[PDB]
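First, one chain by itself in structure tokens, the form deposited in one PDB entry.
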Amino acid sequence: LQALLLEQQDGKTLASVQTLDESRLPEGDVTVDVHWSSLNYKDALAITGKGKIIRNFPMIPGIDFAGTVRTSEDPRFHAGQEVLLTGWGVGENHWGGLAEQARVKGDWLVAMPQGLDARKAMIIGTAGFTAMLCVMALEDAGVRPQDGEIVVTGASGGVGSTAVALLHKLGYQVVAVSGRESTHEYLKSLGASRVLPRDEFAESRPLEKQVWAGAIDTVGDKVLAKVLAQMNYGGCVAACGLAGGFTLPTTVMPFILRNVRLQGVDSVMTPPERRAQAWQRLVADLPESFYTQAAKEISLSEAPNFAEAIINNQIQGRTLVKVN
């Protein structure tokens, strides 16, 4: 059993791949032979030791996995069945998916959606799952294509890439915000009508000119504050991230004078029914071209190279991890 393992000394996190035994895995009524995982921003924070994502060491990181069920004391799952997992504290406070085996509670698993397989499921991963929940939040708020432009921040990343592709597919005019010139052609190829620079979202009045029918935000901080000030009357912002900072120095003005909805989107504890709905929607609404335009396959032990890259804003798209 090969596993990426986090250890802690003198404050710092060390990441290495070690050969563990089956016996070291935590209790959990379903054992899964993991074939694929991925790197999300939260995984990168954990692996580099930034932000105190993980409080208990040693720890196998990886909030995502997909593979084949080895055994099951949960009668909903059987040996041979393709399953996936995102969230539920896995990869944070419970040994995760960046390993050839994981053991988890059956409630945390999702039976493989029809039209999907383990590889494609992990290209999507937590970031794509989260993008879908964000699109669904915009739809719950009555934001339709004809209402105006949708803005996506941190657009070149995982959630952002998925969001641009989903929205373009669903008929929306999408505007991407990126802090790098090198992402422009990639973002246009995903379906973005144009790409605005991040340095134009550094400061804002409480109320800016109305330009967005809706928004999907992955950066928080001053970018989210400006986006809120730019929302159309009745518009909605689906906020899922903190890539630019966890604080939100905003005002009540967009809320109380423009009836703006700021919908928070969490992926960790998404209830079973909405979880299943999001996956079903991804199979239908994410075009097959995405799985080759946005994905980069890496091996397990080179994950820390790419975790550093994520933190350092040197990553584009989705990092798929082949575990075997």
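Here the rigid core means the biggest group of C-alpha atoms that line up within 1.5 Å when the two forms are laid on top of each other. Start at 1 and count along the sequence shown; that's the residue number.
For the pair 155 to 163 and 170 to 178, the mean Cα B-factor is higher in 170 to 178.
As listed in the deposited structure, the average C-alpha B-factor of 290 to 298 and of 22 to 30 is greater for 22 to 30.
Looking at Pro254, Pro75, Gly128, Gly220, the one whose CA carries the top B-factor in the deposited record is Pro75. Going by the entry's values, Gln114 shows the largest Cα B-factor out of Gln230, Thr250, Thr86, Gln114.
Sort the modelled residues of the chain by CA B factor and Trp279 lands in the middle third.
When the CA B factors of the chain's modelled residues are split into thirds, the value for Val268 lands in the lowest one.
Annotation for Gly49: CA B-factor lies in the highest third of the chain's modelled residues.
In this PDB entry, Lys120 carries a Cα temperature factor that places it within the middle third of its chain's modelled residues.
Per the PDB record, residue ranking by Cα B-factor puts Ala102 in the highest third of the chain.
The discussion below concerns the form deposited in another entry, not included here.
Large C-alpha shift between this form and the one not shown, rigid core held fixed: of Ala295, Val265, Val260, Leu282, this applies to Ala295 alone, with a displacement of 2 Å or more. After superposing the rigid core, the Cα of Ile47 is displaced by 2 Å or more between this form and the one not shown.
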